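Colleague: Protein chains in written order, with the entry's author numbering: chain A, 1110 to 1157; chain B, 435 to 533, 547 to 756, 787 to 1157; chain C, 917 to 1061; chain D, 628 to 675. The structure under discussion is supplied below as structure tokens; questions concerning it will follow.
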Ligand SMILES: CC(C)CCC[C@@H](C)[C@H]1CC[C@H]2[C@@H]3CC=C4C[C@@H](O)CC[C@]4(C)[C@H]3CC[C@]12C
Ligand SMILES: CC(C)CCC[C@@H](C)[C@H]1CC[C@H]2[C@@H]3CC=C4C[C@@H](O)CC[C@]4(C)[C@H]3CC[C@]12C
Ligand SMILES: CC(C)CCC[C@@H](C)[C@H]1CC[C@H]2[C@@H]3CC=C4C[C@@H](O)CC[C@]4(C)[C@H]3CC[C@]12C
Ligand SMILES: CC(C)CCC[C@@H](C)[C@H]1CC[C@H]2[C@@H]3CC=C4C[C@@H](O)CC[C@]4(C)[C@H]3CC[C@]12C
Ligand SMILES: CC(C)CCC[C@@H](C)[C@H]1CC[C@H]2[C@@H]3CC=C4C[C@@H](O)CC[C@]4(C)[C@H]3CC[C@]12C
Ligand SMILES: [Mg+2]
Ligand SMILES: [Mg+2]
């Protein structure tokens, strides 16, 4: 039971890591990050 | 807008919007719509001369502006609009078969285009125009502004669907109302427009394809809004699908969709739920095909059949069970099956010296079918709709064959020759009867799509028949001349050219028979013959079966394989369309089987003579209230808005859109970065 | 006992799947077979009482003509057509329509229905072909169990 | 074991007797899809 729970946790961590290396997820992550980058850029220009 | 210059926006918005429509810039048409662009306030560039027609003068200004667009588009070389107007063969007011100065200067008026599109959809689609709502006296009324937009949008919508501009069409579709019905109408106009008669040419091919593409997009729209309806309130969505619409002559939406040949709309769960609920009637959907048949054979063991919906309960239960279309289909199947078995027995068994009892039973049965066919002809939408069905063609041919054969036997029953000729005609009757029995295979998810595939492969055979005749006639004339030379032409020569050559393509070789006919006397088949020319028959044949059995038959197998992949992918859609056609056909079918449908026929005729005529007391009228109609329209607009918001959200999650958005955003990020470094 | 093999095993599962495809074919062919058989049997032997031989006659040739075996010499003998050309000098003019009915029938049977079944077989093979390994591993367990 | 049980319930649920109708077709497909996902889970942990 302990071995099975540990391997369940290992699979899901590995599954999440594998799913983050997909093209769709990386493009989605890149898009949201650039939007957040311009928010930080707006904050910078205000400070200037 | 922020600086209070809204009046200047409103003064120039109509011409600017007009210019945007002329120069094919959809993004600019949306931009303008919302900043007070009133589609009904358009003005023509030139002034139209009076034409002494009360219909043409009663038009609004926005009405001459849709014409000017058609004239500008039409004056360009090889424009399909001018060819369609010319091939329509109508006058200036849109009246059929009535085609001067009035016919050429105002050939592209909105009323004439409305009539052409109305004839393009179906035989019963009429869009009622009411231009009077554009008067200043109809201004204190609350909701008119919506009506004026919707009507105006509709006219522009029809123009934008015609020139195949999907984006402007979709926009004007969004401005107006009856979104689902308008999308189906748009799909129908693009599909009919894609073939018609003017666009038939090879060079217009890519162009017609575009139309079909556009067609697909619009039904996709029609499905989509509906889907939201199915995921917002299923029963109210069902009420919308059962709702009688004013443009078509009180046809519901599923019938409109079937007439528009929209397979995607018909395959939708909401549409299928309405068709399935109508199909099973007041019978639980989970009732066996076996259970209903057994209950048909055993009506007093049917009390425990399935949850449904003294005297007024047993009687009510019998009237609901025998009023269901599924039960009527099962009764018609069994009845037609007995007709096939009994008629097959009748043709196989010997005819008597007088009209036998089984012959009289079949005579009564086919009159009853003839009366049923006459009933179907009177109670339909049209003669063209009836004759379109392949099963109606098969039933008319089978009734016609039986009566020719019977009268042939009945003219002289004590005659051997009459019996032989009559049985010869009745052979064709039994073949067409068993072919007509395949109609009841359509309920099954395996057997149904296969009939459609069979009619498609019948089209492939005809192509094969055209290709084979070359080999068959050429080899047959050549081979028949080589086998039997110096013989006068007769009917036997014609039978000889066609018989063996055709049957040699199925692997049956007549080489022993051809050896006997060649008069070649030897253990080796073609050596010791009287004439040396007959030794070339095995060679001609050698080429021929290489051409026929190996090349043409296998080429047909390849055509069949393509045809199967084609009807295989849309087997589900075609089965769902057949599902509707079964449901529609059995709603009006009297329940009693075919021999016993004479009692039902005389009962309906007696009822018809009594009611809705002299000394009548029975009349039914079921008209929907205005409240439920306004509920369906508001619900439909809300679900249209929900679909488009969901559609935009889904389209922004696509890979192409996200990559495009990411690219433009990074470019803007460097612009902001340039501004930063300058500040530093 | 073929199920242990990686080639022979998945093929039995495919055979039971194509047995299901035949049953569909049987339902589609009966229409042509019974219709042509009743029509052809009536044209060949008219004015004869119904018996078990009539029933054997409707089913025998029509079924065996779908495999390319033509009974044209036998049908010529049964039609009582006395001539070098097979159907000209017959006693009755109705029997000259047998070669035509047959002409439609084998076009329907040997060219259209059999090849349609071949297409169904091709789909069935692609279907059990992709999961041939999975089905073999399930048979592996069933042998083991 | 729960993932296998989930796969079994979705596959049996996908046909059963109530969902037999033509209009529930897309719906049952979804079930099968879900079924596939859960056995994928059952395989995955096992793989670890
Ligand atoms: C639409 C299809 C199914 C119907 C075809 C019409 C059939 C039933 C008709 C058309 C021509 C007819 C033939 C015309 C003449 C003769 C010669 C006579 O001595 C025997 C019957 C025979 C051979 C007829 C049999 C029936 C016949 C073949
Ligand atoms: C290109 C291919 C499909 C050609 C079509 C073949 C058809 C037209 C040919 C092939 C075999 C032919 C039949 C062969 C023999 C006979 C017997 C004769 O007493 C009457 C005509 C009849 C019944 C012929 C009618 C026409 C026929 C059916
Ligand atoms: C270009 C294609 C058609 C190839 C041509 C080959 C033809 C012309 C050949 C192939 C087989 C040949 C036949 C074979 C044998 C004999 C027997 C001989 O005693 C007379 C000629 C005759 C009857 C030949 C005639 C020509 C023939 C038919
Ligand atoms: C590899 C394959 C395609 C070989 C080609 C087969 C050809 C060359 C063979 C097959 C059958 C043969 C024919 C069989 C019988 C005869 C009758 C004889 O009196 C003259 C030759 C003739 C007419 C032969 C000519 C050659 C022939 C047509
Ligand atoms: C629509 C389809 C079925 C085509 C119809 C073609 C049928 C009706 C034709 C094709 C071949 C024809 C037969 C060919 C030759 C003869 C011989 C003649 O002395 C009597 C009629 C008879 C026996 C014909 C009857 C009609 C016939 C069977
Ligand atoms: Mg709307
Ligand atoms: Mg009919």
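For every residue, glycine included, the Cβ atom is placed at its ideal position computed from N, Cα and C.
Over the uninterrupted alpha helix (DSSP H) stretch that includes residue 802 of chain B, give me the two end residues.
Modeller: From DSSP, the alpha helix (DSSP H) with residue 802 of chain B extends over 802 to 825.
Colleague: Within a Cβ cutoff of 6 angstroms, which residues of the same chain sit near residue 932 of chain B, ignoring the five residues on either side of it in sequence?
Modeller: No residues qualify anywhere along the chain.
Colleague: Which partner residues does residue 1006 of chain B have in the DSSP bridge list?
Modeller: B:997.
Colleague: Exposed or buried, what is residue 676 of chain B when buried is set at 16 or more other beta-carbons lying within 10 Å of its beta-carbon?
Modeller: Under this definition residue 676 of chain B is a buried residue.
Colleague: Could you work out which residue in B:962, B:905, B:972, B:979 is closest to residue 941 of chain B when comparing CA atoms only?
Modeller: Of B:962, B:905, B:972, B:979, the residue nearest in Cα terms is B:979.
Colleague: Let me check you understand the geometry: is the CB of residue 969 of chain C closer than 6 angstroms to at least one non-hydrogen atom of ligand 2?
Modeller: For ligand 2, not one heavy atom lies less than 6 angstroms from the Cβ of residue 969 of chain C.
Colleague: Going along the chain, which residues of the stretch 959 to 975 of chain B sit with their C-beta nearer than 8 angstroms to a C-beta in chain C?
Modeller: Those would be 968, 969, 972, 973, in chain order.
Colleague: Where does residue 682 of chain B sit, in a helix, a strand or coil, going by DSSP?
Modeller: Helix at residue 682 of chain B.
Colleague: Could you tell me if residue 556 of chain B is buried or exposed, where buried requires 16 or more neighbouring beta carbons within 10 angstroms of its beta carbon?
Modeller: Residue 556 of chain B comes out buried.
Colleague: When DSSP builds the beta bridges, which residues end up paired with residue 695 of chain B?
Modeller: Paired residue(s): B:572.
Colleague: Out of curiosity, what's the CA-to-CA distance linking residue 1037 of chain B and residue 930 of chain B?
Modeller: So the alpha carbons of these two residues sit roughly 9 angstroms apart.
Colleague: Compare the Cα-Cα distances from residue 1021 of chain B to each of B:574, B:945, B:1122 and report the closest residue.
Modeller: Taking only the C-alpha atoms, the option nearest residue 1021 of chain B is B:945.
Colleague: Whole-angstrom Cβ separation of residue 1120 of chain B and residue 671 of chain B, contact assumed at under 8 angstroms?
Modeller: Yes, they are in contact, since the Cβ atoms of residue 1120 of chain B and residue 671 of chain B sit about 5 angstroms apart, within 8 angstroms.
Colleague: What separation, rounded to the nearest whole angstrom, lies between the Cα atoms of residue 1004 of chain C and residue 991 of chain C?
Modeller: One C-alpha to the other measures close to 13 angstroms.
Colleague: Go through its chain and collect everything with a Cβ distance to residue 1065 of chain B's Cβ below 7 angstroms, but skip five positions before and after it.
Modeller: Excluding residues within five positions, the ones whose Cβ falls inside 7 angstroms are 856.
Colleague: Identify whether residue 755 of chain B lies in helix, strand or coil by the three-state DSSP scheme.
Modeller: It is a strand residue.
Colleague: Looking only at C-alpha atoms, which of B:739, B:989, B:820 sits nearest to residue 806 of chain B?
Modeller: Selected option, being the one with the closest Cα: B:739.
Colleague: Quick one: using the 10 Å Cβ neighbour count with 16 as the cut-off for buried, is residue 526 of chain B buried or exposed?
Modeller: The residue in question, residue 526 of chain B, is buried, as its Cβ has 16 or more Cβ neighbours within 10 Å.
Colleague: According to a CB-to-CB cut-off of less than 9 angstroms, which residues of the stretch 1125 to 1153 of chain A neighbour chain B?
Modeller: Those would be 1132, 1133, 1136, 1137, 1139, 1140, 1143, 1144, 1146, 1147, 1150, 1151, 1153, in chain order.
Colleague: Report the rounded CA-to-CA distance for residue 1011 of chain B versus residue 644 of chain B, giving the unit in angstroms.
Modeller: Roughly 54 angstroms separates the two Cα atoms.
Colleague: Select from B:654, B:587, B:698, B:1081 the residue whose C-alpha is nearest the C-alpha of residue 632 of chain B.
Modeller: The shortest Cα separation from residue 632 of chain B among B:654, B:587, B:698, B:1081 belongs to B:698.
Colleague: Chain C beta carbons: is any one of them nearer than 7 angstroms to that of residue 1044 of chain B?
Modeller: No - not a single Cβ of chain C is within 7 angstroms of the one on residue 1044 of chain B.
Colleague: Beta carbons nearer than 7 angstroms to chain A: which residues of the stretch 677 to 693 of chain B have them?
Modeller: Per Cβ criterion, the list is empty.
Colleague: For residue 530 of chain B, which of helix, strand or coil comes out of DSSP?
Modeller: Strand.
Colleague: Exposed or buried, what is residue 570 of chain B when buried is set at 16 or more other beta-carbons lying within 10 Å of its beta-carbon?
Modeller: Under this definition residue 570 of chain B is an exposed residue.
Colleague: Using the beta-carbon of each residue, find all residues closer than 6 angstroms to any heavy atom of ligand 5 and list them in chain order.
Modeller: Here the residues come out as C:1009, C:1012, C:1013, C:1016.
Colleague: Can you give the Cα-Cα distance for residue 953 of chain B and residue 974 of chain B, rounded to whole angstroms?
Modeller: Rounded to the nearest angstrom, the two C-alpha atoms are 4 angstroms apart.
Colleague: Quick test of your reading: residue 783 of chain B and residue 496 of chain B, contact by CB under 8 angstroms. State the CB separation rounded to the nearest angstrom.
Modeller: The gap in chain B between 756 and 787 takes in residue 783 of chain B, so it carries no coordinates here.
Colleague: Please find out if some non-hydrogen atom of ligand 2 comes closer than 6 angstroms to the beta-carbon of residue 897 of chain B.
Modeller: For ligand 2, not one heavy atom lies less than 6 angstroms from the Cβ of residue 897 of chain B.
Colleague: Nearest-angstrom Cα distance between residue 500 of chain B and residue 1129 of chain B?
Modeller: Cα-Cα distance, rounded: 34 angstroms.
Colleague: For residue 972 of chain B, which of C:1055, C:1023, C:1001, C:1046 has the nearest alpha-carbon?
Modeller: Nearest option by C-alpha distance: C:1001.
Colleague: Since residue 524 of chain B sits in a beta bridge, which residues does DSSP pair it with?
Modeller: Paired residues: B:530.
Colleague: Taking the alpha carbon of residue 741 of chain B as the reference point, which residue from B:494, B:716, B:718, B:798 has its own alpha carbon closest?
Modeller: Looking at the Cα atoms, B:798 is the closest of the given residues.
Colleague: Rounded to the nearest angstrom, how far is the Cβ of residue 489 of chain B from that of residue 558 of chain B, given a contact under 8 angstroms?
Modeller: The pair is a contact, with the Cβ atoms about 6 angstroms apart (cut-off 8 angstroms).
Colleague: Nearest-angstrom Cα distance between residue 838 of chain B and residue 882 of chain B?
Modeller: Roughly 15 angstroms separates the two Cα atoms.
Colleague: Would you report the Cα separation of residue 467 of chain B and residue 512 of chain B, rounded to the nearest angstrom?
Modeller: When rounded, the distance between both Cα atoms is 32 angstroms.
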